[PDB]
Every structure is written in C-alpha cells, then in structure tokens.
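Here the protein sequences line up with chains A, B, C, D, E, F and G, keeping their order. Heads up: the first sequence begins at 459 in the numbering used here, then just goes up one per residue. Heads up: the second sequence begins at 459 in the numbering used here, then just goes up one per residue. Heads up: the third sequence begins at 459 in the numbering used here, then just goes up one per residue. Heads up: the fourth sequence begins at 459 in the numbering used here, then just goes up one per residue. Heads up: the fifth sequence begins at 459 in the numbering used here, then just goes up one per residue. Heads up: the sixth sequence begins at 459 in the numbering used here, then just goes up one per residue. Heads up: the seventh sequence begins at 459 in the numbering used here, then just goes up one per residue. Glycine is no exception: its CB is placed at the ideal position from the N, C-alpha and C atoms. Step one of this worksheet: look at the structure below.
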Amino acid sequence: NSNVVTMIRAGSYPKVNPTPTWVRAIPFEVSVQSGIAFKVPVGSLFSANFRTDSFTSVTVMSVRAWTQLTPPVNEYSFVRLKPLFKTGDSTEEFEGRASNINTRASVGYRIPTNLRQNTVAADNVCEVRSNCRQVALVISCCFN
Amino acid sequence: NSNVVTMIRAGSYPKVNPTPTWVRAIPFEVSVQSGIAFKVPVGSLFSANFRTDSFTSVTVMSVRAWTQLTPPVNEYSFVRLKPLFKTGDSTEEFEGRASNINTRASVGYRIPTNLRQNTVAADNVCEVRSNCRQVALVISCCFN
Amino acid sequence: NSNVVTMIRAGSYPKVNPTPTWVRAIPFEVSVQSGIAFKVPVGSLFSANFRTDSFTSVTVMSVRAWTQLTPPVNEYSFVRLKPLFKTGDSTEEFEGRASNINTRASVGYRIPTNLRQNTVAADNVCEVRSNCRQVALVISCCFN
Amino acid sequence: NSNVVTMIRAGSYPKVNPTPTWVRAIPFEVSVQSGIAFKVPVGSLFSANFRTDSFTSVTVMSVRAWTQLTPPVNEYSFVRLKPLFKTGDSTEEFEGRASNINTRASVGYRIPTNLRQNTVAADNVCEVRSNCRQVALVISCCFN
Amino acid sequence: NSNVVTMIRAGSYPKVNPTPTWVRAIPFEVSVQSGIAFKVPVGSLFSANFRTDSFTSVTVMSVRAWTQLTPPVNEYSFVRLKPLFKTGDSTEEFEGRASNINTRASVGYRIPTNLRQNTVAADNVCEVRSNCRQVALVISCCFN
Amino acid sequence: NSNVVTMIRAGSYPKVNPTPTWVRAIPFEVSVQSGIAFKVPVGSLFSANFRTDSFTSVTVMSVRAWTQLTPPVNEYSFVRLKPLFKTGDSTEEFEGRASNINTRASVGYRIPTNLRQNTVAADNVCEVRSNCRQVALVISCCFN
Amino acid sequence: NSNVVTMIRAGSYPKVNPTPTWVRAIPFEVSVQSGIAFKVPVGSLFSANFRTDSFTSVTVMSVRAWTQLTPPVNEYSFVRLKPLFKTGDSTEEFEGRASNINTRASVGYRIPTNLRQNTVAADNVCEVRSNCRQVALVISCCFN
RNA sequence: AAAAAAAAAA
RNA sequence: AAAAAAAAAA
RNA sequence: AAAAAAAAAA
RNA sequence: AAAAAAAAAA
RNA sequence: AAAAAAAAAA
RNA sequence: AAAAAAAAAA
RNA sequence: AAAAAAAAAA
RNA sequence: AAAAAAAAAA
RNA sequence: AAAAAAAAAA
RNA sequence: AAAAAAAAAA
RNA sequence: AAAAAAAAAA
RNA sequence: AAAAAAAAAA
RNA sequence: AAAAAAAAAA
RNA sequence: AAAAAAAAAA
Ligand SMILES: [Mg+2]
Ligand SMILES: [Mg+2]
C-alpha cells in the first residue's frame with residue numbers, strides 16, 4: 459500500500475449530513491424494589507455518557523435485562539420485562555431466572571417492525587420487576 | 459414477519475462500551491484570504507453540531523475541499539491543500555481548478571495508513587489556499 | 459409409541475412467560491341503523507366471552523364483515539367498511555353486496571404492516587354501514 | 459409490501475369459535491415440607507395470572523420441576539415427581555439432584571398419549587418431594 | 459382487435475369502493491427565510507389543485523426538495539431537510555448544495571416502513587432550510 | 459430493511475404533473491321505469507363521492523349492469539344495455555336475465571379501442587332497460 | 459390405528475415365567491467416616507424401595523459414586539472406590555476429585571465379563587472412602 | 001428441521 | 001446409532 | 001456468513 | 001404448501 | 001400470469 | 001382450442 | 001387413493 | 001427385522 | 001397383498 | 001426489469 | 001460488489 | 001489494464 | 001514477475 | 001394460414 463499522501467480527484471459537492479443516525483447497544487442500570495414494577499424512562503438513553511445527548515428521539519429494537527446485584531437469602535435471582543407502548547401497553551411478563559444462586563438472571567424481548575416507531579424522553583420502554591435491588595439493561599436502538 | 463413482541467433467550471452479560479468509536483464524513487467551512495494559507499484546526503471536528511463534542515481525539519483518513527463562494531471577476535475558482543502532520547509537514551500543494559467560472563473548484567487527498575494516527579483540538583489538518591473567500595471541507599475520519 | 463410415563467432429563471430453569479400473546483379470529487355482532495355509520499369499538503375485542511379479558515391491547519390485522527339480518531323489502535343486502543386509525547382516518551368505503559336477496563353481503567380489508575400498531579378499548583377499528591339492522595364481524599388480530 | 463389498506467374479497471360466513479383451545483407452558487411454584495409429599499392441584503393451572511380463568515378443563519402433556527430455594531446446610535438440592543392419574547396413581551419417583559450446592563435440582567416426566575385425558579380443578583397432577591422449601595413447576599398442557 | 463362493441467358475460471355483483479387510495483408524487487412550493495426553519499404542513503397535500511381534497515389522511519413515503527429561486531450574491535444554493543414525526547422528531551439535517559451558482563441545490567430522504575403511518579392536515583412533514591427564498595418539494599405518498 | 463430515515467441523492471428537478479389521469483371502476487345506481495329506456499348521463503361519473511369532481515372528461519372502456527331491486531311478482535329479473543356514441547348510437551340490446559327469482563340479472567359490454575374517445579357531463583353512456591326499478595352500474599373508465 | 463378391541467388368534471400355550479430377571483440402575487446412599495473405608499453390602503440392592511425384595515441374587519455390572527454432602531472447610535470433595543470380589547479383592551483405588559469446592563466428586567468402575575457372577579445379601583460390592591460424610595451410589599446390575 | 005394448537009395464505 | 005434384559009410384531 | 005446504520009471503494 | 005403466534009422436538 | 005394508468009427502483 | 005356463416009389478410 | 005371396523009382371499 | 005419399557009454405549 | 005360391506009380422508 | 005396502489009385479463 | 005466502524009443474526 | 005521514469009521485491 | 005510513488009494510455 | 005364479427009363446441 460501507499461506510504462505517502464495521494465491526490466483524490468474530487469468531483470461536485472456531495473450530499474452531506476452533519477447530524478446522522480446511529481445504531482447502538484446502550485448499557486445502563488435501574489434501581490428496583492421488592493414487589494414493585496419500575497418504569498424504564500426512554501430519557502435514560504439520551505446522555506453525554508453515551509455520546510447521545512444531541513438526539514431527542516430513538517427507535518428501540520430490542521431490550522435485554524440482567525440482575526445486577528445478588529438476590530435475597532435462600533433465593534435464585536429473577537427478572538421480568540413488560541413491554542410498554544404509546545399505542546397500548548402489553549401484559550406480557552417475559553421472565554428469566556438463575557439456576558445458580560451466584561449467577562445473574564436474564565431475559566429480553568424483541569420489538570416487531572410494526573411497533574418500531576420513535577420514542578422521546580418522557581416515554582417509557584418497559585416495566586422491570588426483580589428480587590434484586592438493581593437490574594442492568596442493554597438496549598439495542600436507532601438514534602435519530 | 460412477527461407482528462408482536464417476542465422473547466429473547468438472553469445469556470450471560472455481554473461485553474459493553476457506552477462510548478464507542480464513530481466513522482464519519484464531517485462537513486464544515488473555513489474563511490480564506492487572498493494569497494494567504496489558512497491552517498485548518500482539528501478542533502473544528504469536535505462539536506455538538508456534529509454530535510462529536512464527547513470525543514477529544516480523531517484519526518483523519520481523507521480530506522476533500524470545494525470553493526464555497528464565487529471567485530474574483532474574470533477568474534476561475536481554485537483550491538489548494540497542503541497536508542500537515544505532527545511528525546513532519548508535507549510540501550505538496552494538491553490543486554483543483556474550475557473549468558466554468560460559475561462552478562466550484564475541488565480537490566482532495568488521502569492519508570496513507572502509516573500516517574493515520576490521532577489528532578487533538580490543538581493540531582492542524584492541512585493548509586488551504588484559494589481565490590475564493592470561503593472553502594467547504596468534507597473530512598472522512600474515525601472519532602475515538 | 460410409549461404407553462407409560464417416562465423421564466425427562468430437564469436442564470436449567472427456562473425462560474418463561476405466564477401471560478403470552480395470542481393470534482385470534484374474533485366473531486361479534488354490532489347493531490346498525492339506516493343511513494348511519496356505526497363506529498366499532500376496540501373494547502368489544504376484550505371479553506371473558508373470547509377468553510381475552512386479561513388483555514388491554516390488541517394489534518388488528520384484518521377485518522371482515524357480513525350482514526347478519528335480512529335487508530328491507532325489495533332490496534339486496536349491502537355492507538360497507540371505512541378503516542379508522544389513531545394517526546388518521548381513511549375515507550375508503552370497501553363494499554360488498556348480495557346477488558341473492560336471501561344471502562348475506564360481505565366485505566373485508568387488510569391493514570398493512572406499517573399501520574399495525576396497538577389499539578386499546580377507547581379506540582375504534584372502523585365504521586360500518588348497511589341496510590341490515592345487524593352486521594357480523596370477524597376480526598383477525600394479535601392480543602398482547 | 460403494501461403501505462395502504464386493501465380490499466379482501468370475503469365469501470360466505472366462516473366456521474367460528476369464540477372460545478378456542480390453547481397449548482401452553484405454565485410456570486408456578488409450590489411449597490414443600492421436609493419428608494412430606496405435596497399433591498399439586500390441577501386448579502393452580504386455571505387463573506387470571508395465566509389468562510386461563512375461562513377454562514375448566516386441561517390436558518397435561520408433561521411436567522418439569524426445579525428446586526426454587528436453597529437446600530439445607532451441607533446438602534445438594536433434590537426434587538422428586540410421582541405422577542398421579544384418576545384411573546390409577548403411579549409409584550414412579552422420577553428424581554433429579556444438583557451436582558453443585560448453589561444450583562437447582564431438576565427433573566420431569568412425559569405423559570403418554572393413552573393417558574392424556576382431561577383434568578379439572580379438584581384433580582391432582584403429581585406429588586412433589588424435595589429438601590427445598592419451594593419447587594418451581596413448568597407444565598406443558600392443552601387448555602380446552 | 460375488435461372494431462365493435464361486444465358482450466361481457468358479467469357474473470355476480472363485485473366488491474366495490476367509490477373512494478379508493480391513490481399513490482402520488484405531489485409537487486408544491488414553500489417560502490423560506492434566511493436562517494429560519496420552515497415547518498412543511500401536511501395540509502398542503504390536500505387540495506383540489508392535486509385532485510386530493512376528498513382525502514383527510516396520507517402516508518408519506520419520501521420527500522425530495524429543490525431550491526426554487528436563485529441564491530444570494532456570491533453564493534451557491536443549499537437546501538436542508540429535517541424529518542418530523544408525531545412519535546418523535548429527528549435531528550438529521552440532510553443537505554444538498556449546488557456546484558454551479560446557476561443550478562438548483564437538491565436533497566431528499568426516505569421514510570422507513572416502520573415510520574410510515576398516517577398524517578393529517580395539522581401535522582408537519584419536515585423542516586426546510588435554505589439560502590433561497592423558495593423551495594420546491596416533490597412528496598411521494600399514499601392518499602387514503 | 460432500514461428502521462431509520464435515509465438520504466436520497468436527488469438530482470435535477472423532475473417532470474411533474476399535479477393533476478394526473480386515473481383508471482377506475484365507478485359504482486352508481488340509476489332509476490328505471492317499466493317499458494322505458496333510461497339514458498345514463500356521463501355527468502354521474504364526476505362527483506366528490508368518487509373523488510372525481512376535478513375531472514371534466516372521461517374515456518369509458520366497459521360498462522357492467524346489475525338489477526338492484528327485486529322484479530315484479532312471478533318474474534325473473536332482466537337488464538338490457540344499448541351503447542350510445544356521439545358519432546352514432548348502436549342498436550344492440552345486450553341482455554342478461556336471472557335464472558333464480560331472488561337473484562340479480564347482469565350484463566355488460568366492452569367499448570373497442572377505436573371508439574374509446576372522451577365524453578363530458580352532457581353526453582350519455584348507454585340506455586338501460588329493466589323490469590326492476592333500479593339498476594346498479596359499474597363503469598370501467600379512464601379519467602383525464 | 460384401531461379404536462376398538464380386536465381379536466387375537468392365539469395358538470398353543472406359550473413358555474412363561476412369573477419371576478423374570480431385571481436390568482436396573484439402583485440409587486442409594488451410604489454413610490462414610492474420615493480415613494475409614496466403608497464396605498458396601500450387596501443386601502442394600504434388595505428392597506421394596508427398589509421393587510427388588512423378591513430377588514436374592516444380583517449380577518453387578520458397574521458401580522458409580524458421587525459425594526452426597528459438602529466436604530470439610532478449605533477442601534475439595536473426593537471419593538474412592540476399591541472393587542471387592544468373593545474370589546479375591548482388588549487393591550485398585552479408583553478416585554475422583556471435585557475441581558470446585560461446591561461440586562460433587564465422582565468416579566466409577568466397570569466389572570469385566572469374566573468377573574460378572576452373582577452376589578447375595580451377605581456379600582460386599584466395594585469399599586468407599588471420602589472426605590464427605592455421605593456418598594451416593596448408582597449401581598448398574600442384573601437382578602435374577 | 002419437522003410436528004401439534006390458534007391465525008393467515010395457497 | 002447399536003447392543004443386553006422384559007414385552008410385542010414379523 | 002448475511003443483513004441494517006455511518007464511511008470508503010467500485 | 002409456506003409463513004406468523006403458543007408449545008414440543010431436533 | 002401478463003398488460004394499461006399513478007408511484008418507486010434498476 | 002377447433003369448426004360453420006359474414007369479412008379481412010396471406 | 002390410503003387407512004380403521006366386519007368379511008372373504010392370498 | 002422393527003418398535004415400546006429398564007439398562008448400557010455412542 | 002387385493003377385493004366386498006360400514007366409516008373416515010383425499 | 002421487478003415491486004406497491006387503481007383497473008383489466010387469465 | 002467488497003471492505004472498515006456500530007448493531008443484529010448465524 | 002498495459003507501458004515509461006524513481007524505488008522495492010522476486 | 002508483482003507492487004508503491006510521478007507520468008502517460010485505456 | 002391467422003385474425004375480427006355472429007354461432008356452436010371444448
Ligand atoms: Mg339459492
Ligand atoms: Mg459454577
């Protein structure tokens with residue numbers, strides 16, 4: 459390959475976009491209480507911590523969750539996800555449980571193409587339930 | 459395809475990165491004076507206007523330039539690029555000229571793999587010369 | 459095949475969901491008045507009569523309608539469907555007519571993937587018009 | 459694919475059923491005492507918690523069990539299942555044991571076609587034995 | 459081919475629709491001010507001038523824009539499009555620039571299937587920015 | 459497929475037409491008297507009820523007719539069509555009869571390419587005769 | 459297949475045996491002391507608990523052992539098996555050790571065809587040694 | 001990958 | 001997938 | 001290995 | 001016959 | 001399955 | 001798809 | 001056309 | 001020779 | 001293995 | 001050249 | 001059409 | 001894609 | 001013989 | 001020999 463700078467025979471000015479879209483896998487944690495569902499805010503996806511503070515909308519594709527702290531004594535960890543949507547919330551409770559007391563419980567869900575619209579900060583992604591005080595989420599989405 | 463939310467049989471917690479790299483084509487303009495070279499600052503690449511204010515380093519791959527305003531009376535536009543490098547500046551003057559007085563002049567250069575290291579805000583990319591008061595640049599780079 | 463109970467070499471605890479989705483064909487009737495459009499409520503889809511009272515949302519895929527009572531004297535039955543959507547109602551009037559005075563008139567419409575979002579009890583599916591006092595609907599949908 | 463609503467050339471009124479059958483995997487827990495067998499009631503399968511309260515009968519296909527709490531000190535978890543049938547109870551004691559003290563014990567059994575008849579709330583599925591105070595069951599069945 | 463009228467052996471009365479959908483490419487202009495974004499109203503798509511006054515909803519598929527008047531002295535034309543959506547506005551600024559001062563600048567964007575829902579008169583399609591006082595749009599859509 | 463908005467590399471301004479042609483199947487009814495021919499006016503094809511009020515001309519391709527009300531006592535329905543043309547009316551009487559007293563009679567005719575010219579509101583399509591007080595027409599035409 | 463009882467064209471009285479042989483995998487536990495070998499009695503294989511109380515002889519094919527309780531503090535479990543035979547005891551000490559302190563240690567041995575003779579209650583199968591107070595055995599044998 | 005239940009298509 | 005024991009079929 | 005987003009090449 | 005949802009198997 | 005009209009792609 | 005009547009073409 | 005029940009044949 | 005139950009192997 | 005009667009499927 | 005919408009044919 | 005970055009699948 | 005000049009490799 | 005830099009051609 | 005109109009057949 460070349461070891462020096464070389465000329466580029468540029469043509470006309472191209473189509474440009476200073477603020478493009480971005481497909482990402484965003485990791486963040488949420489605090490969870492015993493027997494109570496926690497509504498995950500879409501606003502958590504927009505942050506300088508993820509280089510996404512310039513976005514105001516996002517299209518969520520999938521959600522994965524893991525328990526982030528140990529479970530109560532004698533128990534195995536569990537985590538549940540209930541998808542939420544502006545056009546109508548679901549009543550599914552996708553659940554994962556650990557089979558070793560020292561291991562994380564995990565589960566996830568995919569959003570179908572027909573339900574992949576935008577969401578803003580004030581919207582919620584899903585409800586999280588667990589016997590662990592913290593849950594780690596990894597959300598696959600398209601910032602736009 | 460599916461019309462409803464479906465379960466994802468998630469496994470162990472994956473490797474994650476909240477602040478990934480980003481390959482981009484960044485468009486911006488610079489002011490140019492007659493007979494004077496303008497040093498293009500790398501700092502112009504880091505801005506909320508490009509969603510890149512969270513980065514402090516960038517690896518430039520190629521630089522393309524176009525005249526952005528009309529040339530002086532009776533003249534055809536021209537633009538020249540002189541690559542700059544922290545390990546030693548080049549003396550090449552890659553030039554493009556218009557063949558129609560109403561059209562932009564354009565030129566570019568590719569940086570070879572061996573010279574693709576990082577640059578920070580205080581560094582300069584290249585020197586620009588033109589008979590036009592403004593030059594539009596489109597820089598292909600890897601933010602990291 | 460086996461005539462006795464046999465062991466299952468079960469492994470780790472699986473992913474579970476006590477409240478899954480359900481693809482259905484829901485039959486119900488609506489009362490219709492001469493020259494007046496009847497707005498079909500989505501709420502009619504949630505009922506113990508269909509085993510769907512545990513759901514609060516549904517994604518409608520297609521709607522089919524049949525006249526359920528005889529038409530006025532000297533006439534042939536007819537039924538019209540006008541799709542309704544939260545993002546904007548349609549002005550289509552899909553119509554079917556009977557070709558035998560003693561036979562039902564029928565028609566239907568398919569909702570495209572891009573318009574297959576959720577609906578809740580307070581929403582309406584479509585407007586029904588007919589010269590018959592009752593119309594029988596069969597709605598293909600995904601409860602979630 | 460289509461982006462708009464389209465007509466369906468519906469024919470005669472079809473055969474319908476407002477209350478269909480449903481093949482499911484039902485997860486629930488039972489409390490177990492040391493040295494005592496717990497009779498699992500079929501009634502636990504009918505609940506609004508599973509969207510099955512509209513059913514009064516079910517055909518069980520298979521039963522899987524996991525210990526749901528930690529075992530006594532110095533021990534490895536174990537779980538046993540004894541199939542029960544209205545025409546004659548079995549004396550099999552299908553057992554699983556953990557090989558790591560921190561892991562669940564698991565086992566299951568399949569019901570042969572010849573023994574797949576209906577069961578009602580007052581009937582029992584099987585007897586559960588364990589050294590753990592709770593057992594998690596996942597029953598594969600056909601609600602009708 | 460036949461030179462006279464011929465009989466058609468018609469059967470039963472067909473399914474009919476007096477008010478069908480219509481796929482179109484709608485051309486219209488908007489006034490634009492220096493440094494200010496113009497919100498393009500969906501209402502502009504419904505007009506007797508396009509034979510679309512009978513529609514109240516439309517599904518936009520793509521938007522293309524061209525500068526419609528000459529740019530300021532010494533400049534090249536430019537046009538920018540920022541997609542707007544009821545579920546969340548985008549922050550993309552798709553841009554085109556002219557490479558000849560006497561030529562139009564142009565750009566466009568495609569709406570993905572998952573975001574192709576209906577819009578009504580009060581909704582907005584996108585924001586337009588330009589250095590030209592007028593922009594000509596051609597919107598590909600499905601009236602319904 | 460894409461889940462986000464994407465750029466379109468638009469070129470020059472295309473050829474456009476705000477008021478295009480439209481191929482349609484138009485359904486409407488006419489009142490018919492015993493032993494009297496009813497001249498079907500072309501004007502009935504132009505109406506807001508069909509989204510065609512912006513057109514003033516139409517090219518008819520084919521005409522189909524069905525009896526729309528029951529026939530007199532003891533009789534079977536019948537319908538006759540006599541094509542009319544500005545350059546010379548036909549004397550054909552294309553006829554259909556029912557073979558069941560409760561069923562519609564139907565018939566149609568195709569206009570040959572050589573006779574497919576435009577017609578305006580004041581023109582007539584055909585003459586209708588029937589023993590039924592109403593006839594339902596479905597006219598295949600090209601609005602222009 | 460048949461849904462009713464059907465005739466069997468039986469012939470002469472067959473050879474019969476009310477008390478047949480049985481190939482089994484028998485699970486049972488033994489108590490073990492630190493630094494002391496435990497002689498496993500063959501008599502443990504004959505019990506109503508295994509449905510084998512009607513047998514007085516058995517041919518052992520293989521022996522597998524697992525530690526059944528946790529090991530002493532700071533240690534990994536271990537289990538050793540020394541085969542015993544009426545014609546001459548072996549001096550082999552087949553051993554397994556755990557590689558995780560929370561996991562069972564396991565080992566086994568196969569008896570060659572030439573040493574597969576019968577054993578009665580008063581005979582011993584093998585000697586067991588372990589640092590765990592209990593060992594779980596699974597013996598593959600032929601009851602006769 | 002096949003099969004069973006609900007749905008859709010053919 | 002083959003083999004051994006019980007059973008069934010051929 | 002294919003696909004989607006950004007980029008580059010053709 | 002294929003596909004989508006629940007389940008089962010591989 | 002082909003064709004005509006509107007649209008999109010190539 | 002073939003044939004018969006009128007017409008046209010070859 | 002195959003299968004199940006009764007019968008017949010082989 | 002195949003299948004079902006228990007076991008073993010792969 | 002085919003056929004006849006009843007049934008089921010196609 | 002394929003596809004989507006309206007129409008026509010098969 | 002291939003490749004690089006982010007993502008998804010296998 | 002080939003060739004000429006400088007360089008590198010073979 | 002291929003490749004890299006400058007040039008030329010296609 | 002094909003096609004168009006009327007008829008008949010398939
Ligand atoms: Mg009848
Ligand atoms: Mg471990």
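Inter-residue Cα distance where the pair is residue i and residue j
| i | j | result |
| --- | --- | --- |
| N532 (chain G) | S588 (chain D) | 28 Å |
| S557 (chain D) | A563 (chain G) | 9 Å |
| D511 (chain A) | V490 (chain E) | 29 Å |
| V516 (chain D) | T479 (chain D) | 9 Å |
| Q526 (chain A) | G469 (chain F) | 53 Å |
| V463 (chain D) | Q575 (chain C) | 14 Å |
| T545 (chain D) | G546 (chain G) | 51 Å |
Proximal residues to residue i (C-beta, below 8 Å), its chain only, five neighbours per side dropped
| i | result |
| --- | --- |
| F543 (chain D) | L573 |
| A579 (chain B) | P499, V500, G501, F504, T514 |
Under the three-state DSSP convention, the category residue i falls into
| i | result |
| --- | --- |
| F508 (chain A) | helix |
| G546 (chain D) | coil |
| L503 (chain G) | helix |
| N560 (chain A) | coil |
| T525 (chain D) | strand |
| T571 (chain E) | helix |
| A468 (chain E) | coil |
| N582 (chain F) | strand |
| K473 (chain C) | coil |
| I494 (chain G) | coil |
| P478 (chain C) | coil |
| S520 (chain B) | strand |
Partner residues on chain E for residue i, Cβ-Cβ distance less than 9 Å
| i | result |
| --- | --- |
| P499 (chain F) | Those do not exist, as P499 (chain F) stays about 17 Å from chain E at its closest Cβ, beyond 9 Å. |
Same chain, Cβ closer than 7 Å to residue i, five either side skipped, listed in chain order
| i | result |
| --- | --- |
| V521 (chain F) | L539, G566, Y567, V583, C584, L595, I597 |
| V518 (chain E) | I569, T577, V583, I597, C599 |
Own chain residues within Cβ distance below 6 Å of residue i, not counting five before or after
| i | result |
| --- | --- |
| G554 (chain A) | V537, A563, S564, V565 |
| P529 (chain G) | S535, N589, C590 |
| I484 (chain B) | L503, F508, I597 |
| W524 (chain G) | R562, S564, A594 |
Within chain B, partners of residue i - CB distance below 7 Å
| i | result |
| --- | --- |
| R574 (chain C) | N461 |
| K473 (chain C) | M465, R467 |
7 Å Cβ cut-off: residues of chain G touching residue i
| i | result |
| --- | --- |
| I559 (chain D) | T528, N560 |
Proximal chain A residues relative to residue i, where beta-carbon distance stays under 8 Å
| i | result |
| --- | --- |
| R555 (chain E) | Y471, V474 |
Under 7 Å by beta carbon: chain A residues contacting residue i
| i | result |
| --- | --- |
| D581 (chain E) | Within 7 Å Cβ-Cβ: nothing; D581 (chain E) doesn't reach chain A, min ~14 Å. |
Chain-ordered neighbours of residue i on chain B, where CB pairs are closer than 9 Å
| i | result |
| --- | --- |
| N589 (chain E) | By Cβ distance, chain B contributes nothing, its closest Cβ being about 11 Å from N589 (chain E), past 9 Å. |
| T477 (chain A) | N507, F508, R509 |
Query - Contact between the segment 483-497 of chain C and the segment 489-504 of chain D (3+ Cβ pairs under 8 Å) - result: no
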